[PDB]
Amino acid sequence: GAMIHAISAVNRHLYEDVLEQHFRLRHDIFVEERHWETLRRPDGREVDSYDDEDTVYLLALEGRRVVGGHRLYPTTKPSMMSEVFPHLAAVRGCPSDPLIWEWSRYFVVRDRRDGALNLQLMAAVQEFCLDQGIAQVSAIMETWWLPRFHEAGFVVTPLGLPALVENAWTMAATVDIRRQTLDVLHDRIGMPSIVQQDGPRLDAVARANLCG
């Protein structure tokens, strides 16, 4: 039934309504609920420096209603890790590679929490990246994500020492994209595919190569 839609520069003309809706939900969730005050904006849209022409959005849609999602950004451009949190990756270094994309802004609307959507969103990042030939995703995440990643079978590689970020323990890591990880998740969600790709085909790795 309901799917996760891959939205990028090549097909966003089919999703302008949905994209604006997701920016407002991000404000509701990350600003009003999670109190990430540095992200508050007077337009009520949660938009940062990594929302541009090269961003890819993976949004869970029920009809045209956004119920969850996350985003991917090429590490060949200045990234949140390289610009905002490079000290979190001081041991191994910040990623910079067309085959590594930065993963952020994971959310589920209140109406869909503690249900089937969460594991579908985990499957979605693996499915999209495997299809595109992306090898790893990078993340700056709160340490409570570690057991969640492990529960979903995600292979995680820490890049530096955990540190407090605005009162919350946070760490930089890569996640390995794995066919085997995805296969298990497909079985668990009971669907052979969770990512829908409408409109023109996106060549993500090619685009990321152009960026650097």
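Numbering starts at 1 and runs along the sequence shown.
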item: Mean C-alpha temperature factor, higher of 56 to 64 and 172 to 180; value: 56 to 64
item: Stretch with the greater mean C-alpha B-factor as recorded in the entry, comparing 22 to 30 against 183 to 191; value: 183 to 191
item: Most elevated Cα B-factor in the entry, residues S49, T143, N167, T157; value: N167
item: Residue selected from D111, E83, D97, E102 by maximal Cα B factor; value: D111
item: Modelled-residue ranking by C-alpha temperature factor, third containing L119; value: middle
item: Assigned third (lowest, middle, highest) for the C-alpha B factor of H35; value: highest
